[PDB]
Amino acid sequence: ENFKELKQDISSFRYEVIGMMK
Amino acid sequence: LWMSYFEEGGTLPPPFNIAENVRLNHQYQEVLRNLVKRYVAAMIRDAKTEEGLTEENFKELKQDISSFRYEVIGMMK
Amino acid sequence: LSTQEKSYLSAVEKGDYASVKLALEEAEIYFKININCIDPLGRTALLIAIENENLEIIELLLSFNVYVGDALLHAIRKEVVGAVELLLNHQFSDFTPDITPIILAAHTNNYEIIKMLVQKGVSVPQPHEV
């Protein structure tokens, strides 16, 4: 229950940065 | 022991010893559906989360960061 | 369980924001998809959003008037704090019909959540004594 949140936070950060730069 | 004293088998101390079956499956079927739903939800979905961590998790969590780093660094040049 | 619904659920689960936003936009105009679909495991969008603790996603979903159900109880059961604040200010159950939010909060020691519920004002029945 901790690992899932910690992984999805990184994934969401990645989507935000990648989308915002294009 | 208890179940032996339910039917009208002997009912007497020793010394004095001289629609219906086609339909009712419906309710029980419904009950099975509901019970299986409850079980599969609350026993193999919410008890598969409190297990523990090993290296098989750490490796993925590290490589995800590494891949993100490669993507960002490469895309900016 | 159409491919658009599957894609939208995957977008919610992974945590993409623009995708879910535009999906909720384009869902209403055509009625081709449902925001209240149910996963094979019985997990709508609000449940998985609560589980992953995406407060921005949760608020976005709330603003578009999604059905709540026992989302409050689900958030209480998983000690999520801010989600409770959001969910207050606004038939396959999972818990027995005899559980009220204060009871389930008390079952799991949480000073913050209990103190948040008490100020709103609730009571717990006192059972008849034998």
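Residues numbered from 1 in each chain as written, not as in the entry; some residues may be left out. Chains lettered and ligands numbered in written order. Part of a larger assembly, values for the part shown. Heavy atoms only, no water. Residues with missing side-chain atoms left out of burial classes, pairs and counts.

Chemist: Describe in detail the overall build of chain B, supporting the description with residues and values.
Modeler: When its secondary structure is counted, chain B shows 2 helices and 0 strands. By the compact-globule yardstick of 11 Å for 77 residues, chain B is too spread out, its C-alpha radius of gyration being 31 Å. With the C-alpha coordinates aligned to their principal axes, the bounding extent of chain B is approximately 105 × 35 × 10 Å. (Helix = DSSP H or I, 4+ residues; strand = E, 2+ residues; numbered from the N terminus. Rg over C-alpha atoms; globule rule 2.2 N^0.38 Å.)

Chemist: Explain the packing of aromatic side chains residue by residue, including any values.
Modeler: Enumeration according to the criterion identifies 1 aromatic pair over all chains in this entry. Both rings, one in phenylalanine 13 of chain A and one in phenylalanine 68 of chain B, keep their centres 5.6 Å apart while their planes meet at 75°; by these two values the pair is edge-to-face. You can see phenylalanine 13 of chain A sitting in helix 1 (residues 2–20) and its partner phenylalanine 68 of chain B sitting in helix 2 (residues 55–75), one on each of two chains. Residue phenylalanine 13 of chain A is classed as partly exposed on the basis of its relative accessible area, which comes to 49%. (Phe/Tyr/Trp six-rings, centres within 6.5 Å; stacked < 30°, edge-to-face > 60°. Buried < 20%, exposed > 50% of the residue type's maximum accessible area, 1.4 Å probe, protein only.)

Chemist: Tell me about the interface of chain C and chain B, and name the residues and values.
Modeler: In this assembly, 6 residues from chain C lie in contact with 4 residues from chain B. Per-residue buried area on chain C facing chain B is highest for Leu41, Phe92 and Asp94 of chain C; these three make up 65% of the total on that side. The interface formed by chain C and chain B contains 0 salt bridges. Linking chain C with chain B are 0 residue pairs in polar contact. Split by residue class, the side of chain C that touches chain B holds 2 nonpolar, 1 polar and 3 charged. (Contact = heavy atoms within 4.5 Å. Buried area = accessible area lost by both parts, 1.4 Å probe. Salt bridge = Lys/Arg side-chain N within 4 Å of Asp/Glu carboxyl O. Polar contact = N/O pair within 3.5 Å; in protein donor to acceptor, adjacent residues only side chain to side chain. Nonpolar A, V, L, I, M, F, W, Y, C, P; charged D, E, K, R; others polar.)

Chemist: Give me the nonpolar core: which residues, what numbers.
Modeler: Residue and element names in this part refer to chain C. Counting 23 residues, the largest nonpolar core has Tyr8, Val12, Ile50, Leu61 and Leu87 as its most contacted members. Mapped onto this core, the elements with two or more residues apiece are helix 1 (3–14), helix 2 (18–30), helix 3 (45–52), helix 4 (55–63), helix 5 (71–77) and helix 6 (82–88). The residues contacting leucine 87, other than those within four sequence positions of it, are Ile50, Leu62, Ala71, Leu72 and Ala75. One finds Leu73, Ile76, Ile113 and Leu117 within the second-largest nonpolar core, a separate group that totals 10 residues. (Core = buried A, V, L, I, M, F, W, Y, C linked by side-chain atoms within 4.5 Å.)

Chemist: Please provide a residue-by-residue account of the side chain of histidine 74 of chain C, values included.
Modeler: Residues and elements named next belong to chain C. Examined against the element boundaries, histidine 74 turns out to sit in helix 5. When its relative accessible area of 10% is taken as the criterion, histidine 74 is described as buried. The contacts of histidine 74, once residues within four sequence positions are left out, are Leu47, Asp94 and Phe95.

Chemist: With reference to specific residues and values, describe the packing of helix 1 of chain C against helix 2 of chain C.
Modeler: Residue and element names in this part refer to chain C. At a closest axis distance of 8 Å, the pairing of helix 1 and helix 2 adopts a crossing angle of 140°. Between helix 1 and helix 2, the crossing angle belongs to the class labelled oblique. Relative to helix 2, the crossing made by helix 1 is left-handed. The segment helix 1 lies against helix 2, with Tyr8, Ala11 and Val12 engaging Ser19, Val20, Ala23 and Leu24. Class assignment of the residues belonging to the contact of helix 1 with helix 2 gives a composition of 6 nonpolar, 1 polar and no charged. (Axes fitted to C-alpha atoms, helices over the stretch in contact; angles between N-to-C directions. Parallel < 35°, antiparallel > 145°, perpendicular 65-115°, else oblique. Left-handed = near helix turned anticlockwise from the far one by under 90°.)

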